[PDB]
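Descriptive analysis of the structure
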Amino acid sequence: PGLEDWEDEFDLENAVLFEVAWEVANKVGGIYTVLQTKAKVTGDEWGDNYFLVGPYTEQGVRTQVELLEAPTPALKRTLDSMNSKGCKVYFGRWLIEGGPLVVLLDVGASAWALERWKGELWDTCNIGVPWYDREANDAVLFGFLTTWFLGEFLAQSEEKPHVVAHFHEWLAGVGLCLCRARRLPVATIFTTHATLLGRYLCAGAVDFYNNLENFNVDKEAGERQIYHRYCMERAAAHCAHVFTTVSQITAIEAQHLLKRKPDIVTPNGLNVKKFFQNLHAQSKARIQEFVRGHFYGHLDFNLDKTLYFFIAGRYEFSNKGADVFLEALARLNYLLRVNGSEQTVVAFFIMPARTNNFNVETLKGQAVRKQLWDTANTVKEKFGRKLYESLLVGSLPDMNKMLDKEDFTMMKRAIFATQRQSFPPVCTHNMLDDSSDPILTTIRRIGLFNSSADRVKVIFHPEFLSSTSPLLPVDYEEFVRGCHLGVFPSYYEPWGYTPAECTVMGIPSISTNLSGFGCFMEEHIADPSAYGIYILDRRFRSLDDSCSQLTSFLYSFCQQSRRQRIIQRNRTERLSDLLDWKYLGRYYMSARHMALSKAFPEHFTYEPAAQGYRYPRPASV
Amino acid sequence: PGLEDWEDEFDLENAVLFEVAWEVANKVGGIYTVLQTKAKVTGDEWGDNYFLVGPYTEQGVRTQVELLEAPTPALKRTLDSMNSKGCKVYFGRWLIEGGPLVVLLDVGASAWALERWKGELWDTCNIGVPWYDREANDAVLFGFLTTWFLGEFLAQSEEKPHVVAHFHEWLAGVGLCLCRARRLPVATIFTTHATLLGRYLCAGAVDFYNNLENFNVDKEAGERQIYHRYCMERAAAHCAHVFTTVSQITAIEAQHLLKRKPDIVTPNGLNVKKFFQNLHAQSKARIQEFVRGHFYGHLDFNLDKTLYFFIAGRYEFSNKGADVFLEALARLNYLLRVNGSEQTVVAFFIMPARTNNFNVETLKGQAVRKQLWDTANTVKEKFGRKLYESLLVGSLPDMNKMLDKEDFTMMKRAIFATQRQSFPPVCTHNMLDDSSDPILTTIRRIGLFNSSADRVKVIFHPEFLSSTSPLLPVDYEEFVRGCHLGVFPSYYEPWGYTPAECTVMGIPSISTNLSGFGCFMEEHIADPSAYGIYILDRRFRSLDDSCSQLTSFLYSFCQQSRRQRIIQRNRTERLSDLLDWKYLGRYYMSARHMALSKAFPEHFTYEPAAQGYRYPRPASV
Amino acid sequence: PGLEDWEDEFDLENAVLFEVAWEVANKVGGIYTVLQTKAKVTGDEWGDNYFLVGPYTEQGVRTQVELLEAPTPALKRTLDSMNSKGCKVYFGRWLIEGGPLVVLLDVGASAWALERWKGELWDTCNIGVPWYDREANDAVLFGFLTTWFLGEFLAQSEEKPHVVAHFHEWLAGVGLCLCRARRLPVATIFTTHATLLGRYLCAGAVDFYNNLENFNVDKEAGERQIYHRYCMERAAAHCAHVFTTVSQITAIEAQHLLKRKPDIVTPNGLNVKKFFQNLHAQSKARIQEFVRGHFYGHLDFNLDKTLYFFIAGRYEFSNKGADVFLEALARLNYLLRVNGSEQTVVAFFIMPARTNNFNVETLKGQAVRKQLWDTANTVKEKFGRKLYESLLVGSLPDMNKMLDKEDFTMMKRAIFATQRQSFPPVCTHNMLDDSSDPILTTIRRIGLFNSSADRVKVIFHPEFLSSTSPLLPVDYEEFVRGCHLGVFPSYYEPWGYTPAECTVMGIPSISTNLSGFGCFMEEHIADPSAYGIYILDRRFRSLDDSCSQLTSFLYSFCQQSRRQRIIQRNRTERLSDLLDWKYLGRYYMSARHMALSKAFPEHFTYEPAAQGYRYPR
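Looking at the entry header, you'll see cryo-EM listed as the method and 2.62 Å as the resolution.

Labelled according to the PDB entry, chain C appears under the name Glycogen [starch] synthase, muscle, originating from Homo sapiens. Here the PDB entry's recorded title is "Cryo-EM structure of the human GS-GN complex in the inhibited state". For the record of chain C, the UniProt heading Catalytic activity holds the text "[(1->4)-alpha-D-glucosyl](n) + UDP-alpha-D-glucose = [(1->4)-alpha-D-glucosyl](n+1) + UDP + H(+)". Here chain C is described in UniProt, under the heading Sequence similarities, as follows: "Belongs to the glycosyltransferase 3 family."

In the nomenclature of the PDB entry, chain A corresponds to Glycogen [starch] synthase, muscle from the organism Homo sapiens. Taken from UniProt, the Catalytic activity comment for chain A reads in full: "[(1->4)-alpha-D-glucosyl](n) + UDP-alpha-D-glucose = [(1->4)-alpha-D-glucosyl](n+1) + UDP + H(+)". Under Pathway, UniProt gives the following word-for-word description of chain A: "Glycan biosynthesis; glycogen biosynthesis."

Written out as structure tokens, the structure reads:
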């Protein structure tokens, strides 16, 4: 089912959508990609009545925004006015798939108003940003500039349209609060993509989710010198016609930290066109060549029985669950050894870290694999030419005479290059702090040294995968498509971008019910594991018990036949439509309709989601 | 040196060029390609003042001509007039590289005037076409239509421009004669691409060139029922301000048959951009695979010492010198056998003949080569995988164990497919008349049966080379580029299109001083054989002595080292600029200037060629 | 589950398997491929105690058999014996995936015995071959030669092994009957791959399957001058410890024509390794380019909504159900027109027929597509170079200036080549008899002229697909992988080789419950259509009603979303393991065990199939 026909009974009444985010036209997070990929559907629903309001940055305009003249006289008039009133407001087209119009506000250009604005802010919300907080002061400037733009756009518009302003973090929350305080006619959505407290409370506290009700949010933000940022976020959530979260776990966090249950959850959709079995085969061949190089001299395990697990994303050890994955990898190593399995699990940790360079053993192993591959290819081409020559003369090859002295010299050189005594390095790079690295510390603590006995090899690649890289000449998407199972046992993950992209790429993944993507899949798929989606229970299980469940998931994945693994990959391939904005734009549409009805009930009435996007038991299981 | 700067002192005075040929926009010979490829330079020199006058044909307009409206009022007015006066004149753009404008005259549409025109013709030139000659009557219609168009274009043109009409055979010669008879102001060129008598006199008479002075052209044309066509050609040559031939041999023939020495020779140029060592290597590999298939079971000669000679073009046995080439191939076979050379010469005869289908042995040999190639590739990929696996475990391959039972079964099947007792067929096809085929008759008479003792194998391919063909999936140009030596010992060849294209493709070729291309190269290259151009002397040597000289050429080519052959191919690659219209358009320009000066000496004065296009001894020989 | 572990409790007791078929080492049918692909598993179970007894042919030995010396002294002794007794017996290795040993018998070399042998036959089975039947007389020679070889191999073998002789047609049936008549210790399997009567009765009779009980087999064979061949087949089936059929439909035919229910059905397995979505995509791109050429000037339908149905195999119009497929294609054309669908169905008929050459319009359309493709590629490379040049100078392309006069000339030439008034030809070739062709006659009768209004285009390709072909440079397997749905509504099909290979290639197929493959899938898959296997009911429905059901199948396939079609293709991809000899060799193993137990109950006891090979869904 399409997006244009969703809530088609709703008439926007020539309303104008101002989507306000600090990340509009400047990549400072993952919300930039959310806005970029959602712009297509949003502009389809709103045409040119859709404006992304961002902060002006020289890089963003240089690279992403073509500066334009306002299409309508109202926009041009407001832009000229506030440009003459001491602000520096740019208008342009964001050079992305949607081609949306962007109002960019130079917050620095209008810093002169800061003291009169933040004081004004204190006169309306009792929120006073400390001077030393650059981001909070910039948020106040951006919010006051956005509210100025909205007021001067409604004032300088004869038709006086219905304005839906959709703010996306506490950085835009100030403008939201000012829209409500000035009382100008704006239907307001507030989407929080991550509760501000949530990050600190997960990182610091031993347990954060089960203690959500037992948190003094005011006090907790107070000890961390971010009380003003917390108050800005909570006022935006409070001063919003519609409050939205990207996830149901973020919805719980916002309920217990922003003291407002989201009126709707708007999961982060994706442009699935951007992203399976033959492509997976090529990527798996490339991973297999890398593993051949990395384990040169130690290729004593069957590679056709080798499984490629990966955990990727930002190098947040506990938030991304790399600790849980490593514990489960040690337990699965024990399981595969005691069960005497011929299965091998190479688990990749693609988590960027400060690295000096590629480890010498890693680069040497890649060189050794290249040499053996070239030697085998040269000897194979010589053998093929000689064999074709022999068969052309009706002669059966005499294999003893097929290879000459030069072939044996090349092959003996290759074999000499093969010998190694040291085990393959756990990490592919030179860590600036090997002792303090959580992944390497955990690996050396649990006993995963890529030994021959270890059925689980661990390859920590503390750097993003790039095609230009010498070690792995593969970008992240192709490597992932070559893997068997993404493992993202995240503890704190308001939305799982890495597991979501893994799923869109058709790779079975392990997420958690503590992650937004994991909750979204758990509530959209009847039997997620059937579809390649393992939802680890991290809310209601201890870290040790969650490690046990992850080991169970990894072991059951290892114990699948190749036929079962293929069936499961086909199902996860089917799952990609859930994560497309063509479905997840429904929730943004309904949030905007809800806000319009709340702010303008006389003009709009809202009639309350996953219809056509439910995945029951696969018919074939 | 470029063409725009040639005779740049000449000012055309807004003259208009009408190039008249029966082959304008209808491929009925090789002059079609001459006009097509010359149109680019002609339009560069004349812009839109250049018109190709052809006969209208439904196929030509359907495929090649976009019908247009006359760009100038004069053209539109004349077209409308003569379209209202009982003719059917189309105007359009010929969809070729030059994009020239074409005036197409439907000769059938104006056949009503035939009797009053041919009678009128008899009133001006005493030439009366017999009714039964379809081509001669069509030529009279086309000539009268062209002269009508020229008269009505000069009449319906206020400026009264200087019209250069360049007619290209006796088919346009009638219009030329009428232009001169009506005395309308037209500077006329007549190019003859082949004397009409020349064809019959070469085909019938035992010796034609040495008897040129001893020919009664009137009587000779009389016995052949083509006296009117001969008179049309001779009147066109006589009634032309400039008379032109494509070759100096054609110039001699025209002097002794049309009784006029050409005022200039205009060699057939070529669009050399359309067409060397790596491309030659790929084509030679493809020819080698074909020869492996064709000689399956008989591949007892060194293929790295095998030379690929070819003769191509129309299947005219004596005119193309296939008899001389076959005699020289028998003599070269004797030379290579008595000298005990390991050199092999596979001579290809690409001369289309009525063929039922591919010979069974030929298609079977190609299938056998495909099977052996696939078997060798499969066993080679298995060997390469096993060898890479063995070298990855630091193990040297045990060649006895490398190939399995299935590899040996596949290879034994291949070897079984290899066995054959019959020698490889001389012809690749099923000739409808094997007994009457001159090439096959000569091959069986001289003893070239593709036996093992024969150092010269002969492959007659009595059909054009096509990529779509199953036997050879190669077009003519790629096959030729894979060959070592084109052999075109033509007796009658007003221009050598096949040797010229062979040279442009950078292949050393044997032509004759009886061919236009051979004469052109002989007069443009100081040492033609140094440049890969062997000029057989067929004017002043008997057929037997010319066969001896061709055997000497073939043997000296065979006796070149690979280094000498490479040097010679580099030089023939250099020769391509002689055959480009960027040089050979000079002669057409000078012919048009000469005609303008002759017809309008008051307005134009002509100042009398190969400067910058003479090739002395290569600096390196 | 594997084949080595199937009935592993059974011990062969150093038994020797002689698999006797006229098609051993000489391709004279589809049983040749059955034996060739089954040889691997059979030799895995029997090692070198497995012999494929065939008729010697010069071509077969030249191409497929490496002549060898008998590995065992018993084999060498028997070979030398019967080579010295006026017969010519070759021993070798068949150069196939299994590398089995073949005892090839030159029946011509031993024709001297024919008259006495066929006398002996009449003295033992009352079967007398008429002199004029070359195949039946060769069958008698081959059977007597096989029984001679078996008797001399058991006699010239001190251990006296347990010999399992598995004969495969009525051509080997004579040898089977003689094995039983001489009473020599041979455990005999008879597999019939197609009842001899059934082939004649499917066509000649008004309707064959519903009249099986109402057939006088003796009389019916008599009218067709094949009574001796019928009696040979029926005696082989009768004189067999185990009787086997390749299908349950063949089992019914054998019950009602050979008067013996098969003791087991041994479906024709296949070497599935020899044969899905990216490969399908490439093949579908090739088919789409062919359709672009074929329908040049008439490409007014969405090709992303175009479905490629095909029917392939031997050009038996009624047996292969091409009539039913064409009727259903006309009905589906009506359905897609009245429903105003943008779906297009190009149905290919890959059924070889006597063709003079490629039709002029067809070759011209392929040339036009090649020219347009080359023109588009040339203009695209020029545009790409100019666009890269413009972007390298920081300049946005001026699209008006991007294409030059030469580009427009090339494109205008291409467009000129595009125009055509005649509709795309229904057939790609020049039929030697257009009026006599059943497919073309039916197409012109039902109104499928590849018109613009027709939502169903029909391309009859009356020739095998070859890569060497100029028209379609794709072999049969790649073309099929590019198709959406194989349609094999066969009436007579003892085993569906074409639908089976279709399924192994991961392409959904329509078969019938009158086909062996269709019955096999219907009894192995709970919901066959879910797996891309549509079983048309042709036993219990009239030809018109079967046409209606086929139209329903085709229409429901057309009405699947691309998601549903992908799911269905994934399931049919799963189905390939059912058709592998790794599973279907189980039935041959159990038939051989059953025959061993029947002939040697003292030495062997048989303990009775699809376990691990049933598909719930």
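That was the structure; now back to the text.
1. A closer look at helix α19 (residues 516-524) of chain A
All names here are of chain A. Burial analysis of α19 places seven of its nine residues in the buried class, which makes it a mostly covered element. Listed as buried for α19 are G516, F517, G518, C519, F520, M521 and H524. Buried residues along α19 sit in contact with α10 (248-257), α18 (497-504), β16 (509-512), β17 (533-536) and α22 (581-599). At the N-terminal boundary of α19, the capping side chain belongs to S515, with an oxygen 2.8 Å from the backbone nitrogen of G518.

2. Section: the environment of A:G143
All names here are of chain A. One can find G143 in helix α5 (residues 134-155). Placed 76 residues apart in sequence, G143 and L67 show a C-alpha to C-alpha distance of 22 Å. When residues no more than four places from it in sequence are discounted, the contact partners of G143 are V174, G175 and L178.

3. Considering the pairing of strand β7 (residues 186-192) of chain A
Residue and element names in this part refer to chain A. Most of β7 sits inside the fold, with seven of its seven residues counted as buried. Alternating residues of β7 divide into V186, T188, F190 and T192 and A187, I189 and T191, and every residue in both groups is buried. Relative to β7, strand β6 (residues 163-167) runs parallel, the two being bridged by five bridges. Each residue of the ladder has a partner; that of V164, found in β7, is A187. A crossover connection joins β6 to the parallel β7 through helix α6 (residues 170-182); in handedness this β-α-β unit is right-handed. Where β7 and strand β8 (residues 242-245) come together, four bridges link them in parallel fashion. Note that in β8 the partner of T192 across the bridge is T245.

4. Observations concerning the side chain of C:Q366
Position of C:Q366 relative to the elements: it lies in helix α13 (residues 360-392). Classification of C:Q366 by relative accessible area gives buried; the value is 7%.

5. With respect to the pattern of salt bridges
If you walk through the whole model with that rule in mind, you get 91 salt bridges over all chains. Across the salt bridge formed by B:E45 and B:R592, the nearest N and O atoms sit 2.7 Å from each other. Across this residue pair, the class does not change: B:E45 and B:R592 are buried. Bridged by salt links that share partners, the residues A:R314, A:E316, A:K320 and A:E493 form one connected network.

6. A closer look at the sheet that holds strand β6 (residues 163-167) of chain C
Residue and element names in this part refer to chain C. Strand order in the open sheet made by the nine strands is β3-β4-β5-β2-β1-β6-β7-β8-β9, with mixed pairing throughout. Because the sheet does not close on itself, it has two edges, and the strands there are β3 (65-67) and β9 (264-265). Pairing analysis gives five bridges linking strand β1 (residues 16-20) to β6, with the strands arranged parallel. In the sheet register, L17 faces β6, and the bridge partner there is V164. Where helix α6 (residues 170-182) meets the sheet, its contacts fall on β1, β6 and β7 (186-192), and the angle it forms with β7 comes to roughly 155 degrees.

7. Concerning the packing of helix α12 (residues 322-338) of chain C against helix α16 (residues 438-446) of chain C
Residues and elements named next belong to chain C. In contact at an axis separation of 10 Å, α12 and α16 are set at 20 degrees when each is read in the N-to-C sense. Viewed along their axes, α12 and α16 adopt a mutual orientation that is roughly parallel. By crossing handedness, the relation of α12 to α16 is classed as right-handed. The segment α12 lies against α16, with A322, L326, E327 and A330 engaging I439, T442, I443 and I446. A per-class count over the contact of α12 with α16 returns six nonpolar, one polar and one charged.

8. Section: the interface of chain A and chain B
Reports of interface size often rely on the accessible area that becomes lost once the parts have come together. Chain A puts 33 residues into the contact, and the matching count from chain B is 33 residues. Summing both sides of the interface, chain A and chain B together bury roughly 2800 Å²; the carbon and sulfur share of this comes to 78%. Where chain A touches chain B, the interface holds two salt bridges. The partner of A:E381 in a salt bridge is B:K380, with the nearest N and O atoms 3.8 Å apart. Put simply, the parts of the chain that give the side of chain A that touches chain B at least two residues each are α11 (277-294), α13 (360-392), α14 (399-402) and α15 (405-418) of chain A. It is α13(A) that provides the largest number of residues to the side of chain A that touches chain B, a total of 14 residues. For the side of chain A that touches chain B, the class distribution of residues is 19 nonpolar, eight polar and six charged.

9. Some thoughts on the interface of chain C and chain B
Counting residues at the interface gives 22 residues for chain C and 22 residues for chain B. Across the interface of chain C and chain B, roughly 1800 Å² is buried in total on both sides, 48% from carbon and sulfur atoms. Its largest share of buried area at the contact with chain B, chain C owes to C:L95, C:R413 and C:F416, together 33% of the area lost on that side. Applying the counting criterion to the chain C and chain B interface returns four salt bridges. Measuring nitrogen to oxygen at the nearest pair gives 2.7 Å for the salt bridge that ties B:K412 to C:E66. Where chain C touches chain B, the interface holds six residue pairs in polar contact. Looking at the side of chain C that touches chain B, the elements with two or more residues in it are α1 (31-46), α2 (58-63), β3 and α15 (405-418) of chain C. The element best represented in the side of chain C that touches chain B is α15(C), accounting for six residues. Split by residue class, the side of chain C that touches chain B holds seven nonpolar, six polar and nine charged.

10. Side note on the nonpolar core
One finds A:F309 and B:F309 to be the most contacted residues of the largest nonpolar core, which totals 172 residues. Among residues more than four places away in sequence, those in contact with B:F309 are B:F325, B:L329, B:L332, B:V345, B:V346, B:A347, B:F348, B:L485, B:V487, B:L554, B:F557 and B:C558.

11. Here we look at the sheet that holds strand β14 (residues 456-460) of chain B
In sheet architecture, strand pairing relies on hydrogen bonds along the backbone and comes in two forms, parallel and antiparallel. All names here are of chain B. The six strands are arranged β14-β11-β10-β15-β16-β17 in an open sheet whose pairing can be described as parallel. Pairing within the sheet leaves two strands with one partner each, and these edge strands are β14 and β17 (533-536). Recorded for the sheet is a direction-independent mean angle of 25 degrees between the axes of neighbouring strands. By the bridge criterion, two bridges tie strand β10 (residues 306-312) to strand β15 (residues 485-487) in an arrangement that is parallel. Looking at β15, one finds that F309 is bridged to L485. Helix α18 (residues 497-504) contacts β10, β15, β16 (509-512) and β17 of the sheet and is inclined by roughly 150 degrees relative to β16.

12. Overview of a negative patch on the surface
Residue and element names in this part refer to chain A. Residues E4, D5, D8, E9, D44 and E607 make up a contiguous surface patch of negative charge. Within the secondary structure, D5 is located in the segment before β1 (16-20). A relative accessible area of 41% means that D5 is categorised as partly exposed.

13. Focus: the relation of the copies chain A and chain B
Expressed as a screw transformation, the operator carrying chain A onto chain B has a rotation angle of 180 degrees and an axial translation of 0.0 Å, and the superposed copies differ by an RMSD of 0.0 Å. Expressed as an axis order, the relation between the two copies is that of a two-fold axis. Both copies contact each other with a shared surface, as 100% of the interface residues of chain A are interface residues in chain B too.

Rules of the game
Residues numbered from 1 in each chain as written, not as in the entry; some residues may be left out. Chains lettered and ligands numbered in written order. Part of a larger assembly, values for the part shown. Heavy atoms only, no water. Residues with missing side-chain atoms left out of burial classes, pairs and counts. UniProt positions renumbered as here; feature names shortened; annotations may be inferred. Buried < 20%, exposed > 50% of the residue type's maximum accessible area, 1.4 Å probe, protein only. Helix = DSSP H or I, 4+ residues; strand = E, 2+ residues; numbered from the N terminus. Contact = heavy atoms within 4.5 Å. Polar contact = N/O pair within 3.5 Å; in protein donor to acceptor, adjacent residues only side chain to side chain. Pairing = 2+ DSSP bridges. Right-handed = clockwise from strand over helix to strand, strands pointing away. Salt bridge = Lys/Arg side-chain N within 4 Å of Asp/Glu carboxyl O. Axes fitted to C-alpha atoms, helices over the stretch in contact; angles between N-to-C directions. Parallel < 35°, antiparallel > 145°, perpendicular 65-115°, else oblique. Left-handed = near helix turned anticlockwise from the far one by under 90°. Nonpolar A, V, L, I, M, F, W, Y, C, P; charged D, E, K, R; others polar. Buried area = accessible area lost by both parts, 1.4 Å probe. Core = buried A, V, L, I, M, F, W, Y, C linked by side-chain atoms within 4.5 Å. Patch = residues over 30% accessible without salt bridge, like charges linked within 9 Å, V, L, I, M, F, W, Y side chains within 5 Å. Areas by Shrake-Rupley, 256 points an atom, 1.4 Å probe, with all protein chains shown as cover. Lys, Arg positive; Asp, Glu negative; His and termini not counted. Charge placed at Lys NZ, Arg CZ, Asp CG, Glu CD. Least-squares fit on C-alpha atoms.

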